[PDB]
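Both blocks below hold the same protein chain, though in two forms, and each is given as structure tokens: structure 1 and structure 2.
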Structure 1
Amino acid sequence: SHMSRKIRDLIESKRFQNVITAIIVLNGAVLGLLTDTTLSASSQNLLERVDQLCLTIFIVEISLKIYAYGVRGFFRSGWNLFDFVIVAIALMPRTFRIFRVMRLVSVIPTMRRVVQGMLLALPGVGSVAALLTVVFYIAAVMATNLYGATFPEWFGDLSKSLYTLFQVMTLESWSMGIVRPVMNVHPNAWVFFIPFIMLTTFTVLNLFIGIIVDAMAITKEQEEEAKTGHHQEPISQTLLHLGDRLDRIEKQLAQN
């Protein structure tokens, strides 16, 4: 309808986006002020009302989107569902209201494209992430059996071992705090910890670089399609089209 189209044109405008962005910033700003324990009862009540006002605007915003697009229809987009879930959860009296500042990502298209490039890059690194999970699980079992009776605060159970192996992987006090004390009791403990550090720091870097390279390439195409209407074809496809042109030229030549 004409009314549905007039609302969709209003929602899709730059001015509507700037209003919603400003209210997300305002809501984020009042929640950060609400962390201040020294505030008076009146100052806290005022900020709580400003938070209530920001939330009511988001309910009106989402409701306008459900009418202008539909109920099949708005919910067909993961970014709208995320925006709905975040505002609908606040209407049910969890505790972490500051998570609605994540809406900046969904409302700003350039930020939205960066995050969807990272999410689309995750399937392609799943095998590397599973290999890291396997290495961590094997190492956690070994460390519990080897050092749990002598160092129970760090290796007393599987949970404790997973925690201190994550610490060891991040190279945080790994030697002065963990392995030099462990070696005072188990002199050959370096045989376990030095290869564990070599393997996990390498795997983590591999996983991170895999995400960065894919996400950069994916975002580069999404940004191109959002501006021009399409993306740049790969060099291999351009060389195939050039090769097909050479085949068409050779076919037209030598005969007819």
Structure 2
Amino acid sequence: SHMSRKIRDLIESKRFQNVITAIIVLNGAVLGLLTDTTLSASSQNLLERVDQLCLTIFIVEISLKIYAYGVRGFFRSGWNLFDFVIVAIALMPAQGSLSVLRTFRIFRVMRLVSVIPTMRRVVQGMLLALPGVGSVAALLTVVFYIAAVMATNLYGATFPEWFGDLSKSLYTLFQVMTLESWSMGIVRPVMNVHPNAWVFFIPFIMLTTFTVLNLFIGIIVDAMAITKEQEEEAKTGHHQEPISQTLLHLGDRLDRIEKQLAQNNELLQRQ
């Protein structure tokens, strides 16, 4: 239709992208000003109305996108669904979830990631890298669970604040893995009651700092490669062979050309 065509042209324009970006920045700025308790009643009401105006602009934005692209076409993108969920949750009356309150309107600033394409590409690369590290993340989970059960049984009765139950142990083991007061704060006091506690905590530190770094490097390397390959696919329109596949078959390809070259030499020498 003619109506949907001119709306899509407006939506896809750089100025529309800039308008939405400016309103996200403004909404973030007013929410940051609203953290200040010393403000007057009128100053607070003024910022609250600017928050309402920002929200209504986003409702118009999303509605234009659903009309212009269609319900199936809009919800086809995970980025648009994210944008829809962020805006539509603000107008949701009494939600049945295990949450304290929906006071976190500042999560609307996270739309800068979805609206700005350079930021969208960076986050996309990271998200695409996550399934590939699932096994490493599960190994860390297994180590934490085993260690938390052991720490609860070994030290729960003598150090109940740090290890009195499974929740307490998982928390202090996270603290131990981050190396935060692990010795002066946790393990030297524990060793005053349990002298060989270093046998538990030093291998736990060695294994978890290793695994976390492995997980992080795994995500970083993959995200960087995925992003680089997606940019090339976007530039040329052709499918990009992943680098690992190029490196794995590099030897196979070179020797095959060496063979085809030597047989062409064989056909050449005798003519």
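Definition used throughout: the rigid core is the maximal C-alpha set that superposes within 1.5 Å between two forms. Numbering for residues begins at 1 and runs along the sequence of structure 1.
S.K.: Shifts of 2 Å or more at the CA atom, core superposed, between the two structures: which of the listed residues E61, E223, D51, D214 is the one?
M.R.: After core superposition, the single residue displaced by 2 Å or more is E223.
S.K.: Superposing on the rigid core, does the Cα of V19 end up 2 Å or more away between the two structures?
M.R.: Comparing the forms between the two structures, which are aligned on their rigid core, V19 does not shift its C-alpha by 2 Å or more.
S.K.: Relative to the superposed rigid core, does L240 relocate between the two structures - that is, does its Cα move 2 Å or more?
M.R.: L240: C-alpha displaced by 2 Å or more between the two structures.
S.K.: If the rigid core is lined up, how many Å does the C-alpha atom of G73 shift between the two structures?
M.R.: Displacement of the alpha carbon, after core fit: 1.5 Å.
S.K.: Aligning on the rigid core, what is the distance the CA of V107 moves between the two structures, in angstrom?
M.R.: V107 is displaced by 0.2 Å at its C-alpha.
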